[PDB]
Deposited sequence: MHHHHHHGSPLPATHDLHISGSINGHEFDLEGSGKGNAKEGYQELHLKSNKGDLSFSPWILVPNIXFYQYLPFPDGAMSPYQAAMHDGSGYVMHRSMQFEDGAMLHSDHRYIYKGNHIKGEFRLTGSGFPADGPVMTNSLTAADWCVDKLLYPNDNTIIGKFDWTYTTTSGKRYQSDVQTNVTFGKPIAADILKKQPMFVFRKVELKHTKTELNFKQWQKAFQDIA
């Protein structure tokens, strides 16, 4: 049926052993790749940079080239999917997440669970020193008919001027096979840009996305 138009998210888990829990709703344009989302904390002030919740804070808004359904869009009413992502940061920290969804017509409800640990007390996550995430190219491959293995190098700029880097791998597992015509076009890349306004208790996130097999 339809592409999604609106979504909500409950995201919870712990960073360095401290529990956090946020929820909120947003919307987007699934032909353009754009979405935005507001979150508010249920457990008081975040003790860590809200920027570490990106990329984790909805590829059902991502089309494939020339208006084709991405595998995420096609699965939405046919079998669904989950994601499992790993971020391994340069200073020894790690952050994993599980991503699950429920659809009600053109509305997506996400339930994401995250565990992040090992962030140094004086590093840029626990001092709120991340300032922006660099624009990013995601590389996707499909090693079998129901799995995407994707990877990107993820870097934030920070207040000291040094970037903060992590290796990010995302495995996406589908309830039914991906269409043969999607499977034959590998690798697929996706260019993304994000913005985030935030306080200690609230986030306003925006993201643009565009898949490509080749450039102009």
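Not built in the structure, per the record, are deposited positions 1-8, 66, 89.
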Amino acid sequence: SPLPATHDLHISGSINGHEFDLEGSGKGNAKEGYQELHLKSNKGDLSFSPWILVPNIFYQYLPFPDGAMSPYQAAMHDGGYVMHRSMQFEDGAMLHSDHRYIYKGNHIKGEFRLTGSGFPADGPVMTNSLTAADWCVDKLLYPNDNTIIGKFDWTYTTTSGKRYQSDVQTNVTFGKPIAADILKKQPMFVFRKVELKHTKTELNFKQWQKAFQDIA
From here on, numbers count along this sequence of modelled residues.
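As the entry records it, the average C-alpha temperature factor is higher for 100-108, out of 82-90 and 100-108. Mean CA B-factor, 72-80 versus 122-130: the higher value falls on 72-80. Note on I52, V172, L37, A180: the highest value goes to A180, judged by CA B factor as recorded. In this PDB entry, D153 carries a Cα temperature factor that places it within the lowest third of its chain's modelled residues. Ranked within its chain, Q207 lands in the lowest third, by CA B factor from the PDB record.
The deposited CA B-factor of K176 belongs to the highest third of values across its chain. In this PDB entry, the Cα temperature factor of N56 sits in the bottom third of its chain's modelled residues, the lowest group. Among all modelled residues in its chain, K184 ranks in the highest third by Cα B-factor.
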